Amino acid sequence: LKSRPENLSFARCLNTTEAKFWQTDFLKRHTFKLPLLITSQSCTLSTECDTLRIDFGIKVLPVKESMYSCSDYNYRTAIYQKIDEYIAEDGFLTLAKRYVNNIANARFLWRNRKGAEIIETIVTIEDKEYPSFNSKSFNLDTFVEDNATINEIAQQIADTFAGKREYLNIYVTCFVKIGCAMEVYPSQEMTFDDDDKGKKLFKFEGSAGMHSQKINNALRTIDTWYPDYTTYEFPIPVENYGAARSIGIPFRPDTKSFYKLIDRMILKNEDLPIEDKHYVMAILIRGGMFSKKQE
Amino acid sequence: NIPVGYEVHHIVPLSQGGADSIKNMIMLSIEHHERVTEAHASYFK
Amino acid sequence: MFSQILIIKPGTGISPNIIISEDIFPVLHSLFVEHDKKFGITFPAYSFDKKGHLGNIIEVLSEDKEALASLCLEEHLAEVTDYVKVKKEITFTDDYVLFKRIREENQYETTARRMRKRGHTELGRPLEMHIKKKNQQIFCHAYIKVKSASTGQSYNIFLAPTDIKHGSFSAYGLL
């Protein structure tokens, strides 16, 4: 164990389905639903209904076997040992609570969150309808660990994370009221075309939808243990260098970039604070191809 | 940044074998650039 | 020159310009046209560059402390608490940089009929590329997207700081 191997690649542990939109009414949202078609295309809500519904899902796998490819067995044994130590220390409860709080506060609505008058999200685990969420009463920076249903979901997702069950399926639906004949904001696509440089929205299964990458990026916005956090006081999405495009400052440029933490954790075997353990386990949850040159 | 009302114009035209080096252009007025361009287009073409 | 401060919350998911041009600006414009309009607008984060980036902090100024108290910025804004933060601290500021509007040339076919109804010369194509001159600078400053409240349309208000420490403010707040 002197350096990272030639090949090292980790598959993700949190798969997200693509989203799709629907139109309905708040008083009859439990009965009927109408498709939200795409009309420089720009989608808009119809002139009769006044509620927008978004449905998607998450598949979760345990972290231990989530490693896809590696080149050295000693590195794999060291990684497994460190993961076992982290499991025996806390049990993945903090990251689980942060993820379920990011679900609860509905950070996946993005621009559609602003201007809404009521939001209500429903999460169902193994055909069991959990109590509803009032997502309006949730600050974007708080990470409260006191809601009973939040803890109930958090224990299950943490148990799925560590070693308890081979898989978990989560299904999320949400109704947001924005008014009548308003405008919604779906995702977009690349524009490599040399003509018609206008926006091309995301058409999923004929209706309007949002990319899975956007939902995942909204969900994994839980990093608060970055340096100079007390001077900014806002969570950032989890990334290797900690770069945040919202401001333009890399919060983990050199000393807290994931490569050096994992090198000090594995090769030097030095102990680390619990914040660094949280960041490393979150990065391993996200996955990547943290590989190395021949040296 | 580029001054307002001033553009980069190469003294030696690039279409007639000009060089893309520092010593090849001088900034000129928004009108004198057009005058030099029209005179060069009239002389050559 | 008592000043009230508002801070745009970062790392939310919406650009600060959209929050400025969506809820804050119409509210302050309505409050200004309701009141004497003497309150001024300040941006204590302005940084001109190749592109005129705006900043993240909103400041409002008044001669009278009780005028800013009656403006009740704490009142309303109960739906943007997750995007902007108001503070109940008002004090006279040592520096108060005012901003001036740089409204200019509109378009070719827009100005065509209103230039032909007085300037009957019908100059046509030549020298009208001079408009491509002026916008070349003016499309480098900070601006705000605003919908025309009266004449059912929308336009951009371009602004830049100015050294005049006193004067008469507009309906929006600019000098």
# chains A, B, ... in the order shown; residues from 1 in each chain; ligands from 1
call {"tool": "closest_atom_pairs", "arguments": {"of": "chain C", "to": "chain A", "cutoff": "7 Å", "atoms": "only C-alpha atoms", "output": "Markdown table"}}
result
| residue | atom | partner | partner_atom | distance |
| --- | --- | --- | --- | --- |
| C:11 | CA | A:246 | CA | 5.9 |
| C:13 | CA | A:110 | CA | 5.6 |
| C:14 | CA | A:111 | CA | 6.0 |
| C:82 | CA | A:139 | CA | 6.3 |
call {"tool": "write_last_selection", "arguments": {"atoms": "N, CA and C atoms", "output": "tab-separated table (two decimals), in the first residue's frame"}}
result
chain	number	residue	atom	x	y	z
C	11	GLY	N	-26.23	29.93	-2.64
C	11	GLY	CA	-26.29	28.47	-2.65
C	11	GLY	C	-27.68	27.91	-2.51
C	13	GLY	N	-30.19	27.83	-5.54
C	13	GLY	CA	-30.58	27.18	-6.77
C	13	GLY	C	-31.08	28.16	-7.81
C	14	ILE	N	-31.32	29.40	-7.38
C	14	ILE	CA	-31.75	30.48	-8.25
C	14	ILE	C	-30.68	31.56	-8.22
C	82	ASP	N	-36.43	32.46	2.61
C	82	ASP	CA	-35.46	31.45	2.24
C	82	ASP	C	-34.53	31.90	1.12
call {"tool": "select_by_dssp", "arguments": {"residues": "chain C", "states": "helix (DSSP H, G or I)", "output": "PyMOL selection string"}}
result
chain C and resi 16-34+65-71+108-116+130-138
call {"tool": "closest_atom_pairs", "arguments": {"of": "chain C", "to": "chain B", "cutoff": "7 Å", "atoms": "only C-alpha atoms", "output": "tab-separated table"}}
result
residue	atom	partner	partner_atom	distance
C:50	CA	B:1	CA	6.8
C:133	CA	B:5	CA	6.9
C:137	CA	B:4	CA	6.6
call {"tool": "write_last_selection", "arguments": {"atoms": "N, CA and C atoms", "output": "PDB file, in the first residue's frame"}}
result
ATOM      1  N   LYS C  50     -14.695  43.124 -17.442  1.00  0.00           N
ATOM      2  CA  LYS C  50     -15.154  42.872 -18.806  1.00  0.00           C
ATOM      3  C   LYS C  50     -16.672  42.741 -18.851  1.00  0.00           C
ATOM      4  N   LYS C 133     -21.889  50.476 -32.273  1.00  0.00           N
ATOM      5  CA  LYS C 133     -20.873  51.044 -31.398  1.00  0.00           C
ATOM      6  C   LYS C 133     -21.383  51.134 -29.966  1.00  0.00           C
ATOM      7  N   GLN C 137     -20.500  49.091 -25.713  1.00  0.00           N
ATOM      8  CA  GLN C 137     -20.118  49.421 -24.348  1.00  0.00           C
ATOM      9  C   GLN C 137     -21.263  49.140 -23.381  1.00  0.00           C
TER      10      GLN C 137
END
call {"tool": "residues_around", "arguments": {"residues": "residue 44 of chain C", "least_positions_apart": "3", "cutoff": "9 Å", "atoms": "only C-alpha atoms", "output": "ChimeraX atom specification"}}
result
/C:55-59,96-97
call {"tool": "select_by_dssp", "arguments": {"residues": "segment 9-161 of chain C", "states": "strand (DSSP E or B)", "output": "short mmCIF file (atom, residue, chain, number, x, y, z; two decimals) with C-alpha atoms, in the first residue's frame"}}
result
data_model
loop_
_atom_site.label_atom_id
_atom_site.label_comp_id
_atom_site.auth_asym_id
_atom_site.auth_seq_id
_atom_site.Cartn_x
_atom_site.Cartn_y
_atom_site.Cartn_z
CA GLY C 40 -31.99 55.56 -2.86
CA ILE C 41 -30.59 52.21 -4.02
CA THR C 42 -27.01 51.07 -3.32
CA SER C 47 -17.26 45.07 -9.28
CA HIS C 53 -21.15 41.87 -12.32
CA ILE C 57 -26.08 42.90 -1.22
CA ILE C 58 -28.97 45.39 -1.44
CA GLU C 59 -28.90 48.72 0.41
CA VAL C 60 -31.60 51.37 0.69
CA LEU C 61 -30.96 54.92 1.86
CA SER C 62 -33.08 57.67 3.36
CA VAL C 84 -33.25 37.07 1.03
CA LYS C 85 -32.62 38.13 4.63
CA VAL C 86 -33.63 41.48 6.13
CA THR C 91 -27.60 53.45 10.64
CA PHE C 92 -26.17 56.46 8.84
CA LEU C 98 -25.55 56.42 -6.11
CA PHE C 99 -26.39 54.75 -9.42
CA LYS C 100 -27.45 56.31 -12.72
CA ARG C 101 -29.41 54.83 -15.62
CA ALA C 142 -25.11 45.66 -14.75
CA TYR C 143 -28.81 45.68 -15.60
CA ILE C 144 -32.21 44.59 -14.28
CA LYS C 145 -35.03 42.88 -16.18
CA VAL C 146 -38.31 44.72 -15.51
CA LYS C 147 -41.78 44.34 -17.02
CA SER C 154 -40.72 44.35 -20.68
CA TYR C 155 -37.29 45.95 -20.93
CA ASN C 156 -33.83 46.15 -19.36
CA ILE C 157 -32.60 48.93 -17.05
CA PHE C 158 -28.83 49.42 -17.26
CA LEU C 159 -27.14 51.18 -14.36
CA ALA C 160 -23.67 52.32 -13.31
CA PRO C 161 -22.30 54.04 -10.19
#
call {"tool": "residues_around", "arguments": {"residues": "residue 140 of chain C", "least_positions_apart": "2", "cutoff": "6 Å", "atoms": "only C-alpha atoms", "output": "list in words"}}
result
residues 51, 52, 137 and 138 of chain C
call {"tool": "write_last_selection", "arguments": {"atoms": "C-alpha atoms", "output": "mmCIF file, in the first residue's frame"}}
result
data_model
loop_
_atom_site.group_PDB
_atom_site.id
_atom_site.type_symbol
_atom_site.label_atom_id
_atom_site.label_comp_id
_atom_site.auth_asym_id
_atom_site.auth_seq_id
_atom_site.Cartn_x
_atom_site.Cartn_y
_atom_site.Cartn_z
ATOM 1 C CA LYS C 51 -18.691 42.058 -17.641
ATOM 2 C CA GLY C 52 -20.364 44.334 -15.105
ATOM 3 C CA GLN C 137 -20.118 49.421 -24.348
ATOM 4 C CA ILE C 138 -23.595 49.506 -22.807
#
